[PDB]
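**Q** Quick one: the structure is below, and I'll ask about it shortly.
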Amino acid sequence: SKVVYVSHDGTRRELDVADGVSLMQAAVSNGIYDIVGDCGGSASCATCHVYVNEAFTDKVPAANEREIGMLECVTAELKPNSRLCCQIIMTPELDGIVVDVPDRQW
Ligand code: FES
């Protein structure tokens with residue numbers, strides 16, 4: 001699947017995350033999450049704070065309270081589709097996901 005994380009000013013990245021990969025995985029593979037915010041899928045960090053375009057949040061796995069927690073933890077432009085790529089799985093239908101990165105990615 002196609003993946004394009006955006007920045008706060010709009011600058012984005014572009015991976016190729018397939019069905020089963022989390023944009024966080026691929027992103028941390030193309031050098032997207034160059035930072036050190038990995039909770040081993042344990043949902044205990046806040047550096048993976050991001051925003052998946054509304055066309056890939058309800059298409060990809062719309063995680064529950066867990067993702068709404070660490071996400072609710074970030075201190076940036078939270079959204080209805082706010083997300084921490086750690087669980088946004090890229091599928092073959094969501095080929096072309098647009099992710100949004102905030103300026104407050106604590
Ligand atoms: S990788 Fe830790 S919650 Fe996103």
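Going by the structure tokens order, chains are called A, B, ..., each with residues numbered from 1, while ligands are numbered from 1 in the order shown.
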Determine which residues of chain A receive a DSSP assignment of strand (DSSP E or B), computed from the backbone, and state them as a PyMOL selection string.
**A** chain A and resi 3-6+12+15+22+50-52+82-83+89+97-100
**Q** Using only C-alpha atoms and all ligand atoms, what are the residues with an atom within 9 Å of ligand 1, set out as a JSON list (two decimals) with C-alpha atoms, in the first residue's frame?
**A**
[["chain", "number", "residue", "atom", "x", "y", "z"],
["A", 24, "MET", "CA", 4.81, 3.34, 12.37],
["A", 25, "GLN", "CA", 6.70, 0.23, 11.31],
["A", 37, "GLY", "CA", 9.42, 6.80, 20.69],
["A", 38, "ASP", "CA", 8.76, 3.04, 20.49],
["A", 39, "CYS", "CA", 6.64, 1.37, 23.21],
["A", 40, "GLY", "CA", 6.83, -2.08, 21.56],
["A", 41, "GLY", "CA", 3.16, -1.81, 20.54],
["A", 42, "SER", "CA", 2.58, -1.43, 24.30],
["A", 43, "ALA", "CA", 0.96, 2.00, 23.86],
["A", 44, "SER", "CA", 3.21, 3.72, 26.42],
["A", 45, "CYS", "CA", 4.95, 6.48, 24.43],
["A", 46, "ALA", "CA", 4.04, 9.83, 22.81],
["A", 47, "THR", "CA", 6.62, 10.47, 20.06],
["A", 48, "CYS", "CA", 4.50, 8.63, 17.47],
["A", 49, "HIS", "CA", 1.82, 11.35, 17.70],
["A", 66, "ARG", "CA", -6.00, 2.48, 23.72],
["A", 67, "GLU", "CA", -5.04, 4.50, 20.65],
["A", 69, "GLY", "CA", -5.28, 7.29, 25.12],
["A", 70, "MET", "CA", -1.61, 7.69, 24.08],
["A", 71, "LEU", "CA", -3.10, 9.89, 21.35],
["A", 83, "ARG", "CA", -3.61, 8.39, 15.54],
["A", 84, "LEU", "CA", -0.26, 6.93, 16.49],
["A", 85, "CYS", "CA", 0.86, 5.05, 13.35],
["A", 86, "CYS", "CA", 1.97, 2.19, 15.70],
["A", 87, "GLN", "CA", -1.45, 0.59, 14.90]]
**Q** Can you tell me how far CA of residue 95 (chain A) sits from CA of residue 75 (chain A), in Å to one decimal?
**A**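 Straight-line distance from CA of residue 95 (chain A) to CA of residue 75 (chain A) works out to 28.6 Å.
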**Q** Name all residues at most 9 Å from residue 10 (chain A) (count only C-alpha atoms; drop same-chain ones fewer than 2 positions away) and give them as an MDAnalysis selection string.
**A** chainID A and resid 6:8 12 100:101
**Q** Selection from above, C-alpha atoms, as a PDB file, in the first residue's frame, can you write it?
**A**
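Wrote selection-v7.pdb, looks like this:
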ATOM      1  CA  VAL A   6       2.630  14.738   6.207  1.00  0.00           C
ATOM      2  CA  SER A   7       4.476  17.232   8.402  1.00  0.00           C
ATOM      3  CA  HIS A   8       3.116  20.263  10.258  1.00  0.00           C
ATOM      4  CA  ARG A  12       5.394  14.671   3.745  1.00  0.00           C
ATOM      5  CA  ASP A 100      -0.565  14.295   9.308  1.00  0.00           C
ATOM      6  CA  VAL A 101       2.191  15.184  11.723  1.00  0.00           C
TER       7      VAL A 101
END
**Q** Pull the helix (DSSP H, G or I) assignments for chain A out of DSSP run on the backbone, and list those residues as a list in words.
**A**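 These are the residues in question: residues 23, 24, 25, 26, 27, 28, 29, 30, 54, 55, 56, 57, 65, 66, 67, 68, 69, 70, 71, 72, 73, 85, 86 and 87 of chain A.
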**Q** Just the selected residues (N, CA, C and O atoms), exported as a compact mmCIF listing (two decimals), in the first residue's frame, please.
**A**
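part.txt was written with the following content:
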# COMPACT_ATOMS: atom_id res chain seq x y z
N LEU A 23 1.90 1.98 9.81
CA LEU A 23 2.69 3.12 9.29
C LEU A 23 3.84 3.41 10.22
O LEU A 23 4.85 3.93 9.84
N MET A 24 3.70 3.08 11.45
CA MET A 24 4.81 3.34 12.37
C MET A 24 5.95 2.40 12.00
O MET A 24 7.09 2.79 11.93
N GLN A 25 5.64 1.17 11.72
CA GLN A 25 6.70 0.23 11.31
C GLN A 25 7.37 0.76 10.05
O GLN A 25 8.50 1.21 10.08
N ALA A 26 6.69 0.73 8.93
CA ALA A 26 7.32 1.26 7.68
C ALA A 26 7.98 2.63 7.94
O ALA A 26 9.14 2.82 7.67
N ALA A 27 7.25 3.58 8.47
CA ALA A 27 7.83 4.92 8.76
C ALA A 27 9.17 4.77 9.48
O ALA A 27 10.17 5.33 9.08
N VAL A 28 9.19 4.01 10.53
CA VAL A 28 10.46 3.80 11.28
C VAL A 28 11.44 2.97 10.42
O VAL A 28 12.56 2.70 10.81
N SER A 29 11.02 2.58 9.24
CA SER A 29 11.89 1.78 8.34
C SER A 29 12.45 2.67 7.23
O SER A 29 13.51 2.43 6.69
N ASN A 30 11.73 3.70 6.90
CA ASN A 30 12.18 4.63 5.85
C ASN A 30 12.85 5.81 6.53
O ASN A 30 13.34 6.72 5.89
N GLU A 54 -8.47 11.66 7.04
CA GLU A 54 -9.79 11.01 7.29
C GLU A 54 -10.09 9.90 6.27
O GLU A 54 -11.05 9.17 6.42
N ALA A 55 -9.30 9.75 5.24
CA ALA A 55 -9.59 8.67 4.25
C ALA A 55 -8.77 7.42 4.56
O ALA A 55 -8.74 6.48 3.80
N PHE A 56 -8.10 7.40 5.67
CA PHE A 56 -7.30 6.20 6.04
C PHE A 56 -7.44 5.92 7.53
O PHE A 56 -6.83 5.03 8.07
N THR A 57 -8.25 6.67 8.20
CA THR A 57 -8.45 6.41 9.65
C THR A 57 -9.61 5.43 9.81
O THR A 57 -9.58 4.52 10.61
N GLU A 65 -10.14 2.90 22.52
CA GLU A 65 -9.62 3.71 23.67
C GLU A 65 -8.10 3.66 23.79
O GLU A 65 -7.47 4.65 24.09
N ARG A 66 -7.49 2.53 23.59
CA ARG A 66 -6.00 2.48 23.72
C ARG A 66 -5.39 3.57 22.85
O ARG A 66 -4.76 4.49 23.33
N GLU A 67 -5.59 3.48 21.57
CA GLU A 67 -5.04 4.50 20.65
C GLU A 67 -5.59 5.89 20.99
O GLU A 67 -4.93 6.89 20.80
N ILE A 68 -6.78 5.95 21.52
CA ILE A 68 -7.34 7.27 21.90
C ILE A 68 -6.70 7.74 23.20
O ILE A 68 -6.88 8.87 23.62
N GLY A 69 -5.95 6.89 23.85
CA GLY A 69 -5.28 7.29 25.12
C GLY A 69 -3.92 7.92 24.78
O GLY A 69 -3.77 9.12 24.80
N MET A 70 -2.94 7.12 24.45
CA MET A 70 -1.61 7.69 24.08
C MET A 70 -1.84 8.89 23.16
O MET A 70 -1.21 9.92 23.29
N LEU A 71 -2.77 8.76 22.26
CA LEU A 71 -3.10 9.89 21.35
C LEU A 71 -3.67 11.02 22.21
O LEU A 71 -3.22 12.14 22.17
N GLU A 72 -4.63 10.71 23.04
CA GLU A 72 -5.18 11.76 23.93
C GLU A 72 -4.04 12.34 24.77
O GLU A 72 -4.14 13.42 25.31
N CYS A 73 -2.95 11.62 24.86
CA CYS A 73 -1.79 12.11 25.65
C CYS A 73 -1.04 13.20 24.88
O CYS A 73 -0.74 14.24 25.42
N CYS A 85 0.58 6.08 14.39
CA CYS A 85 0.86 5.05 13.35
C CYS A 85 1.15 3.65 13.94
O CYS A 85 0.89 2.65 13.29
N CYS A 86 1.68 3.55 15.13
CA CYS A 86 1.97 2.19 15.70
C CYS A 86 0.85 1.17 15.38
O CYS A 86 1.10 -0.02 15.35
N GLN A 87 -0.37 1.60 15.17
CA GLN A 87 -1.45 0.59 14.90
C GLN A 87 -2.20 0.87 13.60
O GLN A 87 -3.10 0.13 13.24
**Q** List the spatial neighbours of residue 20 (chain A) as an mmCIF file with C-alpha atoms, in the first residue's frame - criterion: any atom at most 9 Å away, only C-alpha atoms, same-chain residues fewer than 6 positions off excluded.
**A**
data_model
loop_
_atom_site.group_PDB
_atom_site.id
_atom_site.type_symbol
_atom_site.label_atom_id
_atom_site.label_comp_id
_atom_site.auth_asym_id
_atom_site.auth_seq_id
_atom_site.Cartn_x
_atom_site.Cartn_y
_atom_site.Cartn_z
ATOM 1 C CA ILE A 88 -2.609 2.136 11.608
ATOM 2 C CA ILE A 89 -2.225 -0.931 9.328
ATOM 3 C CA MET A 90 -1.794 -0.142 5.650
ATOM 4 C CA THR A 91 -4.095 -2.202 3.420
#
**Q** Quick one: pull the distance between CA of residue 79 (chain A) and CA of residue 15 (chain A), Å, one decimal.
**A**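 Separation between CA of residue 79 (chain A) and CA of residue 15 (chain A): 22.9 Å.
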**Q** Of the residues A:81, A:96, A:32, A:103, which is the one nearest to residue 63 (chain A), using only C-alpha atoms?
**A**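 Smallest distance to residue 63 (chain A) is found for A:81.
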**Q** Which of these, A:53, A:64, A:1, A:82, has the shortest distance to residue 19 (chain A) once you count only C-alpha atoms?
**A**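 That would be A:1, the residue with the smallest distance to residue 19 (chain A).
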